[PDB]
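What follows is a single chain, given as structure tokens, in the form deposited in one PDB entry.
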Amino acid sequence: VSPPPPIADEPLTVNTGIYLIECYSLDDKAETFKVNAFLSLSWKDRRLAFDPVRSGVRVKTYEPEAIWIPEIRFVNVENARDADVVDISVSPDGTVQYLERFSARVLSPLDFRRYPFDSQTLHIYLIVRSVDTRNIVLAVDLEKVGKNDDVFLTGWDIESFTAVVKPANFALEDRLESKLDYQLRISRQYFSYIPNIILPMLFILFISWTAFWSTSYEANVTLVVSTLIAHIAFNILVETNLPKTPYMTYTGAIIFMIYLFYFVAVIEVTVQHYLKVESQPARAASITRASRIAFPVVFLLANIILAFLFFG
């Protein structure tokens, strides 16, 4: 029909609330996730008021095509939501209760500066456009905001799901808008990365470092170059999960430092052999004896400094 007339030019208030039923398919590369939830609306149309004692009923049921329903839209979705109407009810005073169940695909940026040990906030924006004869604003009904106890995200820990009460009001396309923000806080589960990636890589590194207790040039070359090939295959497996970012990240810095260490170890081996050939064995012995202690300490200090820089 037509939007409800004002009595003294007041804004119409619409009370919202979202109840989460499902959450799945969080994609890091595309920065998307799928949702399945309820949507609840409530407003007041004085034209719908009835007498209870006369009609003999306290509650009225309507079809969606018989009354005026405001148009509420999601802002950061790919296509329009797929929704069906659950129930419409009207109170004797005039207030109408609206409920529907929908599904949608949401777009939301992510931060990867602490990739294996990070936390993300996901947003859902709701907007409504005013009409030429009425002003509409949004409100939050805290009795209708929640989630199911069975909601699970594969690889994440859900912490909270709250709304910002204050809406943002502005002008878009020569018309006034009102916007609402729903937030969902999550935490990555990082247990499996330790014995899957971290410890095997340290094992390969320590296996490469055994070249400082040997004096055979050929076995030293084999050791180092083959451990480097294995490092490359590990890096290639790891880089498939992380997308490209315009800022430096923890894992990338670690990987670059590992390459740098392999380079310096090759240089040390080559210098040792060169000095040996040139009949200067004492100098090569002292250099390898120094390197034996120097490499792990500098590795440990580099790692401590990096962890303080990124997480402190």
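Each form is matched to the other, and the largest set of C-alpha atoms that superpose within 1.5 Å is called the rigid core. Quick note: we count residues from 1 along the sequence shown, nothing fancier.
Among the other PDB entries of this protein that were compared and that flank it with modelled residues, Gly56 is left unmodelled in a third or more.
Heads up, the form deposited in another entry isn't pictured, but that's what we're talking about next.
When the rigid core is held fixed, the Cα atom of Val85 travels 2 angstroms or more between the shown form and the other one.
With the core held fixed between the shown form and the other one, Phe117 has its Cα displaced by under 2 Å. Once the cores line up, the CA of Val269 ends up less than 2 angstroms apart between the shown form and the other one.
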